[PDB]
>>> print(open('final_36.txt').read())   # compact mmCIF, C-alpha atoms
# COMPACT_ATOMS: atom_id res chain seq x y z
CA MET A 1 0.00 0.00 0.00
CA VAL A 2 1.40 3.37 -1.10
CA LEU A 3 0.16 6.97 -0.89
CA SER A 4 1.56 9.73 -3.04
CA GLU A 5 3.03 12.70 -1.17
CA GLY A 6 -0.01 14.69 -2.45
CA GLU A 7 -2.32 12.11 -0.82
CA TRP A 8 -0.38 12.30 2.46
CA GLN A 9 -0.88 16.11 2.36
CA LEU A 10 -4.67 15.58 2.07
CA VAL A 11 -4.61 13.27 5.08
CA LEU A 12 -2.49 15.65 7.17
CA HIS A 13 -4.58 18.71 6.16
CA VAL A 14 -7.86 17.14 7.33
CA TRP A 15 -6.04 15.77 10.43
CA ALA A 16 -5.18 19.39 11.33
CA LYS A 17 -8.96 20.01 11.53
CA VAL A 18 -9.43 16.96 13.72
CA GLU A 19 -6.81 18.42 16.03
CA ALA A 20 -8.87 21.56 16.57
CA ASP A 21 -11.46 19.42 18.42
CA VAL A 22 -9.89 16.05 19.26
CA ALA A 23 -12.42 15.18 21.99
CA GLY A 24 -15.50 16.09 19.84
CA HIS A 25 -14.24 14.07 16.86
CA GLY A 26 -13.32 11.13 19.19
CA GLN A 27 -16.86 11.09 20.62
CA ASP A 28 -18.47 11.26 17.17
CA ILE A 29 -16.22 8.45 15.95
CA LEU A 30 -16.74 6.02 18.92
CA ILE A 31 -20.49 6.75 18.99
CA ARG A 32 -20.72 6.03 15.24
CA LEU A 33 -18.64 2.83 15.81
CA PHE A 34 -20.81 1.67 18.72
CA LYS A 35 -24.09 2.42 16.91
CA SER A 36 -22.88 0.59 13.76
CA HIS A 37 -21.51 -2.31 15.78
CA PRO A 38 -23.28 -2.48 19.23
CA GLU A 39 -22.07 -6.02 19.54
CA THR A 40 -18.61 -4.60 20.33
CA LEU A 41 -19.71 -2.66 23.45
CA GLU A 42 -19.90 -5.83 25.64
CA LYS A 43 -16.23 -6.54 24.85
CA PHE A 44 -14.94 -3.45 26.67
CA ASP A 45 -15.33 -3.39 30.46
CA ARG A 46 -15.03 0.43 30.36
CA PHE A 47 -17.90 0.83 27.82
CA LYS A 48 -20.27 -2.07 28.41
CA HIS A 49 -22.62 0.06 30.59
CA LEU A 50 -23.35 2.31 27.61
CA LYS A 51 -26.54 1.29 25.84
CA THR A 52 -27.78 4.47 24.17
CA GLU A 53 -26.47 7.49 22.27
CA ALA A 54 -27.48 9.74 25.19
CA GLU A 55 -25.39 7.61 27.60
CA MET A 56 -22.56 7.60 25.07
CA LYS A 57 -22.52 11.41 24.67
CA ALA A 58 -22.40 11.89 28.47
CA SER A 59 -19.64 9.28 29.10
CA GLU A 60 -16.28 10.47 30.36
CA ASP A 61 -14.82 7.00 29.63
CA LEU A 62 -15.84 7.28 25.96
CA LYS A 63 -14.66 10.91 25.64
CA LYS A 64 -11.27 10.17 27.26
CA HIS A 65 -10.74 7.10 25.19
CA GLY A 66 -11.68 8.96 21.95
CA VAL A 67 -8.84 11.35 22.76
CA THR A 68 -6.47 8.40 23.34
CA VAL A 69 -7.42 6.77 20.01
CA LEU A 70 -7.00 9.96 17.92
CA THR A 71 -3.75 10.98 19.63
CA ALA A 72 -2.25 7.55 18.87
CA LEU A 73 -3.53 7.56 15.30
CA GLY A 74 -2.50 11.19 14.64
CA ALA A 75 1.13 10.46 15.64
CA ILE A 76 1.10 7.44 13.28
CA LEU A 77 -0.45 9.25 10.28
CA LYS A 78 2.09 12.09 10.56
CA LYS A 79 4.91 9.57 9.90
CA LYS A 80 3.44 9.10 6.40
CA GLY A 81 3.93 5.34 6.51
CA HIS A 82 7.29 5.38 8.34
CA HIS A 83 5.58 4.54 11.62
CA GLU A 84 7.34 1.45 12.85
CA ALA A 85 8.58 3.08 16.11
CA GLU A 86 4.97 4.18 16.85
CA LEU A 87 3.28 0.98 15.61
CA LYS A 88 5.44 -1.68 17.34
CA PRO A 89 4.50 -0.66 20.92
CA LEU A 90 0.88 0.03 19.96
CA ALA A 91 0.64 -3.53 18.56
CA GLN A 92 2.32 -4.61 21.83
CA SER A 93 -0.45 -3.15 24.04
CA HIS A 94 -3.00 -5.23 22.05
CA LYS A 99 -7.11 -7.65 22.55
CA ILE A 100 -8.47 -5.61 19.60
CA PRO A 101 -9.13 -7.74 16.48
CA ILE A 102 -8.28 -6.39 13.04
CA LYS A 103 -11.98 -6.28 12.11
CA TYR A 104 -12.50 -3.74 14.95
CA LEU A 105 -9.78 -1.55 13.40
CA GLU A 106 -11.77 -1.84 10.13
CA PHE A 107 -14.92 -0.72 12.01
CA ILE A 108 -13.13 2.29 13.45
CA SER A 109 -11.58 3.19 10.04
CA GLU A 110 -15.11 3.29 8.58
CA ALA A 111 -16.35 5.50 11.48
CA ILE A 112 -13.36 7.88 10.98
CA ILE A 113 -14.05 8.27 7.25
CA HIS A 114 -17.80 8.88 7.91
CA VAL A 115 -17.24 11.50 10.67
CA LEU A 116 -14.50 13.40 8.75
CA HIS A 117 -16.78 13.61 5.71
CA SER A 118 -19.71 14.72 7.92
CA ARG A 119 -17.73 17.42 9.72
CA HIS A 120 -15.38 18.61 6.92
CA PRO A 121 -17.06 17.92 3.61
CA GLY A 122 -15.13 20.59 1.61
CA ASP A 123 -11.77 19.25 2.75
CA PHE A 124 -12.86 15.66 2.62
CA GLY A 125 -13.99 14.93 -0.92
CA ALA A 126 -13.32 11.82 -3.02
CA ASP A 127 -9.51 12.34 -3.19
CA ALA A 128 -9.11 12.93 0.57
CA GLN A 129 -11.46 10.04 1.45
CA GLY A 130 -9.39 7.76 -0.84
CA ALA A 131 -6.15 9.01 0.72
CA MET A 132 -7.48 8.46 4.25
CA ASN A 133 -8.80 4.99 3.24
CA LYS A 134 -5.31 4.04 1.97
CA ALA A 135 -3.56 5.50 5.08
CA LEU A 136 -5.84 3.57 7.46
CA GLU A 137 -5.48 0.45 5.34
CA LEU A 138 -1.67 0.77 5.51
CA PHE A 139 -1.94 1.16 9.28
CA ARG A 140 -4.15 -1.98 9.63
CA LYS A 141 -1.87 -4.13 7.39
CA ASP A 142 1.25 -3.04 9.27
CA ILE A 143 -0.29 -3.54 12.68
CA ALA A 144 -1.61 -6.94 11.46
CA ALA A 145 2.00 -7.83 10.59
CA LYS A 146 3.07 -6.87 14.16
CA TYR A 147 0.14 -8.94 15.57
CA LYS A 148 0.95 -12.10 13.57
CA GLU A 149 4.57 -11.69 14.58
CA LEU A 150 3.52 -12.39 18.20
CA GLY A 151 0.90 -14.91 17.12
CA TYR A 152 -2.22 -12.87 17.89
CA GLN A 153 -4.24 -13.95 14.92
CA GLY A 154 -5.91 -10.50 15.16
>>> encode(input="final_36.txt", output="structure tokens")
Amino acid sequence: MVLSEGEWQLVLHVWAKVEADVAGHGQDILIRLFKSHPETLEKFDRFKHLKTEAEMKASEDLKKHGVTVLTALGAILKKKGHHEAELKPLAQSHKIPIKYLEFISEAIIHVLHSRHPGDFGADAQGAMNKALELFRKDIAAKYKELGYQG
């Protein structure tokens, strides 16, 4: 998987907008994820009490974790694929199956298009899709290395 430097610039430009409201984006993303895939809620001790969108919006656990997710992902995306030093320990900490990373990728794309439609057209969406795909493949490689079949 390869992005052009132009595509990386699209990803970083929209990421700059994410960074103006990390917590709000994080909430929107996790809420979208949990509404699309409610079956995942039960897997997280810190989230399994959340049943409804109202409970999700009011949750400090969800807000704080949204910030964690986007901070980790932001640092990775800014490496423009040269993210081994960031990705190795992150893979370490995980479990989170690969399909959950797919779910969250989909929620990221949806939210960024919803919040920043001018700066997140077809080209930027494609670039972000590739960037998140590269991330998932590389983390999958780190998983399989330690035998977590992800």
>>> residues_around(input="final_36.txt", residues="residue A:69", least_positions_apart="6", cutoff="12 Å", atoms="only C-alpha atoms", output="list in words")
residues 22, 23, 25, 26, 27, 29, 30, 62, 63, 75, 76, 90, 105, 108, 109 and 112 of chain A
>>> closest_residue(input="final_36.txt", among="A:53, A:106, A:127, A:45", to="residue A:6", atoms="all atoms listed in the file")
A:127
>>> closest_atom_pairs(input="final_36.txt", of="stretch 41-150 of chain A", to="stretch 14-17 of chain A", cutoff="9 Å", atoms="all atoms listed in the file", output="CSV")
residue,atom,partner,partner_atom,distance
A:74,CA,A:15,CA,7.2
A:77,CA,A:15,CA,8.6
A:78,CA,A:15,CA,8.9
A:116,CA,A:14,CA,7.8
A:120,CA,A:14,CA,7.7
A:123,CA,A:14,CA,6.4
A:124,CA,A:14,CA,7.0
A:128,CA,A:14,CA,8.1
>>> closest_residue(input="final_36.txt", among="A:65, A:140, A:37, A:32", to="residue A:83", atoms="only C-alpha atoms")
A:140
>>> residues_around(input="final_36.txt", residues="residue A:113", least_positions_apart="3", cutoff="8 Å", atoms="all atoms listed in the file", output="number ranges by chain")
A: 109-110, 116-117, 129, 132-133
>>> residues_around(input="final_36.txt", residues="residue A:82", least_positions_apart="5", cutoff="12 Å", atoms="all atoms listed in the file", output="ChimeraX atom specification")
/A:2-3,8,75-77,87-88,135,138-139,142
>>> residues_near_point(input="final_36.txt", point="(6.1, -2.8, 14.1)", cutoff="10 Å", atoms="all atoms listed in the file", output="number ranges by chain")
A: 83-92, 142-147, 149
>>> atom_distance(input="final_36.txt", atom1="atom CA of residue A:20", atom2="atom CA of residue A:33")
21.1 Å
>>> atom_distance(input="final_36.txt", atom1="atom CA of residue A:31", atom2="atom CA of residue A:131")
23.3 Å
>>> atom_distance(input="final_36.txt", atom1="atom CA of residue A:11", atom2="atom CA of residue A:60")
28.0 Å
>>> closest_residue(input="final_36.txt", among="A:94, A:126, A:67, A:134", to="residue A:151", atoms="only C-alpha atoms")
A:94
>>> closest_residue(input="final_36.txt", among="A:115, A:107, A:9, A:38", to="residue A:51", atoms="all atoms listed in the file")
A:38
>>> build_atoms(input="final_36.txt", residues="stretch 32-67 of chain A", atoms="N, CA and C atoms", output="PDB file, keeping the file's coordinate frame")
ATOM      1  N   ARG A  32     -20.426   6.654  16.543  1.00  0.00           N
ATOM      2  CA  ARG A  32     -20.720   6.030  15.240  1.00  0.00           C
ATOM      3  C   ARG A  32     -20.334   4.530  15.219  1.00  0.00           C
ATOM      4  N   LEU A  33     -19.128   4.218  15.698  1.00  0.00           N
ATOM      5  CA  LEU A  33     -18.640   2.830  15.810  1.00  0.00           C
ATOM      6  C   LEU A  33     -19.599   1.947  16.628  1.00  0.00           C
ATOM      7  N   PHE A  34     -19.929   2.416  17.836  1.00  0.00           N
ATOM      8  CA  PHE A  34     -20.810   1.670  18.720  1.00  0.00           C
ATOM      9  C   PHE A  34     -22.267   1.579  18.258  1.00  0.00           C
ATOM     10  N   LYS A  35     -22.753   2.567  17.512  1.00  0.00           N
ATOM     11  CA  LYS A  35     -24.090   2.420  16.910  1.00  0.00           C
ATOM     12  C   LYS A  35     -24.099   1.468  15.689  1.00  0.00           C
ATOM     13  N   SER A  36     -23.006   1.471  14.934  1.00  0.00           N
ATOM     14  CA  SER A  36     -22.880   0.590  13.760  1.00  0.00           C
ATOM     15  C   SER A  36     -22.645  -0.839  14.209  1.00  0.00           C
ATOM     16  N   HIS A  37     -21.900  -0.988  15.298  1.00  0.00           N
ATOM     17  CA  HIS A  37     -21.510  -2.310  15.780  1.00  0.00           C
ATOM     18  C   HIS A  37     -21.703  -2.440  17.294  1.00  0.00           C
ATOM     19  N   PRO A  38     -22.982  -2.477  17.766  1.00  0.00           N
ATOM     20  CA  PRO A  38     -23.280  -2.480  19.230  1.00  0.00           C
ATOM     21  C   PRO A  38     -22.776  -3.723  19.895  1.00  0.00           C
ATOM     22  N   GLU A  39     -22.581  -4.753  19.077  1.00  0.00           N
ATOM     23  CA  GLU A  39     -22.070  -6.020  19.540  1.00  0.00           C
ATOM     24  C   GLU A  39     -20.678  -5.874  20.145  1.00  0.00           C
ATOM     25  N   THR A  40     -19.963  -4.803  19.810  1.00  0.00           N
ATOM     26  CA  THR A  40     -18.610  -4.600  20.330  1.00  0.00           C
ATOM     27  C   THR A  40     -18.580  -4.026  21.754  1.00  0.00           C
ATOM     28  N   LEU A  41     -19.645  -3.319  22.142  1.00  0.00           N
ATOM     29  CA  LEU A  41     -19.710  -2.660  23.450  1.00  0.00           C
ATOM     30  C   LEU A  41     -19.380  -3.595  24.619  1.00  0.00           C
ATOM     31  N   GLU A  42     -20.054  -4.750  24.635  1.00  0.00           N
ATOM     32  CA  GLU A  42     -19.900  -5.830  25.640  1.00  0.00           C
ATOM     33  C   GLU A  42     -18.457  -6.328  25.810  1.00  0.00           C
ATOM     34  N   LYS A  43     -17.619  -6.097  24.802  1.00  0.00           N
ATOM     35  CA  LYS A  43     -16.230  -6.540  24.850  1.00  0.00           C
ATOM     36  C   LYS A  43     -15.316  -5.612  25.654  1.00  0.00           C
ATOM     37  N   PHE A  44     -15.774  -4.406  25.969  1.00  0.00           N
ATOM     38  CA  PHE A  44     -14.940  -3.450  26.670  1.00  0.00           C
ATOM     39  C   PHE A  44     -15.529  -3.206  28.047  1.00  0.00           C
ATOM     40  N   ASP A  45     -14.814  -3.618  29.097  1.00  0.00           N
ATOM     41  CA  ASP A  45     -15.330  -3.390  30.460  1.00  0.00           C
ATOM     42  C   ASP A  45     -15.651  -1.914  30.717  1.00  0.00           C
ATOM     43  N   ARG A  46     -14.869  -1.018  30.109  1.00  0.00           N
ATOM     44  CA  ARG A  46     -15.030   0.430  30.360  1.00  0.00           C
ATOM     45  C   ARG A  46     -16.233   1.038  29.621  1.00  0.00           C
ATOM     46  N   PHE A  47     -16.790   0.310  28.649  1.00  0.00           N
ATOM     47  CA  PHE A  47     -17.900   0.830  27.820  1.00  0.00           C
ATOM     48  C   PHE A  47     -19.198   0.038  27.921  1.00  0.00           C
ATOM     49  N   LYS A  48     -19.123  -1.159  28.492  1.00  0.00           N
ATOM     50  CA  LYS A  48     -20.270  -2.070  28.410  1.00  0.00           C
ATOM     51  C   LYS A  48     -21.544  -1.594  29.129  1.00  0.00           C
ATOM     52  N   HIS A  49     -21.426  -0.587  29.994  1.00  0.00           N
ATOM     53  CA  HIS A  49     -22.620   0.060  30.590  1.00  0.00           C
ATOM     54  C   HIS A  49     -23.373   1.014  29.650  1.00  0.00           C
ATOM     55  N   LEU A  50     -22.761   1.332  28.513  1.00  0.00           N
ATOM     56  CA  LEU A  50     -23.350   2.310  27.610  1.00  0.00           C
ATOM     57  C   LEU A  50     -24.270   1.597  26.626  1.00  0.00           C
ATOM     58  N   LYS A  51     -25.547   1.939  26.682  1.00  0.00           N
ATOM     59  CA  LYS A  51     -26.540   1.290  25.840  1.00  0.00           C
ATOM     60  C   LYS A  51     -27.009   2.232  24.729  1.00  0.00           C
ATOM     61  N   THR A  52     -27.093   3.532  25.044  1.00  0.00           N
ATOM     62  CA  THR A  52     -27.780   4.470  24.170  1.00  0.00           C
ATOM     63  C   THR A  52     -26.854   5.608  23.784  1.00  0.00           C
ATOM     64  N   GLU A  53     -27.192   6.279  22.685  1.00  0.00           N
ATOM     65  CA  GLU A  53     -26.470   7.490  22.270  1.00  0.00           C
ATOM     66  C   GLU A  53     -26.381   8.555  23.354  1.00  0.00           C
ATOM     67  N   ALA A  54     -27.485   8.783  24.071  1.00  0.00           N
ATOM     68  CA  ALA A  54     -27.480   9.740  25.190  1.00  0.00           C
ATOM     69  C   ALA A  54     -26.417   9.349  26.240  1.00  0.00           C
ATOM     70  N   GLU A  55     -26.386   8.079  26.627  1.00  0.00           N
ATOM     71  CA  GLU A  55     -25.390   7.610  27.600  1.00  0.00           C
ATOM     72  C   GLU A  55     -23.996   7.755  27.015  1.00  0.00           C
ATOM     73  N   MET A  56     -23.871   7.441  25.724  1.00  0.00           N
ATOM     74  CA  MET A  56     -22.560   7.600  25.070  1.00  0.00           C
ATOM     75  C   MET A  56     -22.038   9.040  25.066  1.00  0.00           C
ATOM     76  N   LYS A  57     -22.897   9.991  24.696  1.00  0.00           N
ATOM     77  CA  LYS A  57     -22.520  11.410  24.670  1.00  0.00           C
ATOM     78  C   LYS A  57     -22.107  11.978  26.033  1.00  0.00           C
ATOM     79  N   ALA A  58     -22.662  11.409  27.104  1.00  0.00           N
ATOM     80  CA  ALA A  58     -22.400  11.890  28.470  1.00  0.00           C
ATOM     81  C   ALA A  58     -21.224  11.172  29.152  1.00  0.00           C
ATOM     82  N   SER A  59     -20.689  10.122  28.516  1.00  0.00           N
ATOM     83  CA  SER A  59     -19.640   9.280  29.100  1.00  0.00           C
ATOM     84  C   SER A  59     -18.249   9.923  29.106  1.00  0.00           C
ATOM     85  N   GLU A  60     -17.661  10.025  30.284  1.00  0.00           N
ATOM     86  CA  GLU A  60     -16.280  10.470  30.360  1.00  0.00           C
ATOM     87  C   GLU A  60     -15.338   9.347  29.865  1.00  0.00           C
ATOM     88  N   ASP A  61     -15.672   8.090  30.133  1.00  0.00           N
ATOM     89  CA  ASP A  61     -14.820   7.000  29.630  1.00  0.00           C
ATOM     90  C   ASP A  61     -14.705   7.069  28.118  1.00  0.00           C
ATOM     91  N   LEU A  62     -15.839   7.257  27.421  1.00  0.00           N
ATOM     92  CA  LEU A  62     -15.840   7.280  25.960  1.00  0.00           C
ATOM     93  C   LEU A  62     -15.084   8.523  25.464  1.00  0.00           C
ATOM     94  N   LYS A  63     -15.374   9.698  26.023  1.00  0.00           N
ATOM     95  CA  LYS A  63     -14.660  10.910  25.640  1.00  0.00           C
ATOM     96  C   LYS A  63     -13.147  10.762  25.796  1.00  0.00           C
ATOM     97  N   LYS A  64     -12.701  10.279  26.954  1.00  0.00           N
ATOM     98  CA  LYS A  64     -11.270  10.170  27.260  1.00  0.00           C
ATOM     99  C   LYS A  64     -10.632   9.150  26.326  1.00  0.00           C
ATOM    100  N   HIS A  65     -11.336   8.060  26.075  1.00  0.00           N
ATOM    101  CA  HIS A  65     -10.740   7.100  25.190  1.00  0.00           C
ATOM    102  C   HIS A  65     -10.699   7.590  23.732  1.00  0.00           C
ATOM    103  N   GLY A  66     -11.707   8.354  23.299  1.00  0.00           N
ATOM    104  CA  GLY A  66     -11.680   8.960  21.950  1.00  0.00           C
ATOM    105  C   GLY A  66     -10.428   9.809  21.766  1.00  0.00           C
ATOM    106  N   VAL A  67     -10.035  10.519  22.818  1.00  0.00           N
ATOM    107  CA  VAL A  67      -8.840  11.350  22.760  1.00  0.00           C
ATOM    108  C   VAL A  67      -7.589  10.461  22.635  1.00  0.00           C
TER     109      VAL A  67
END
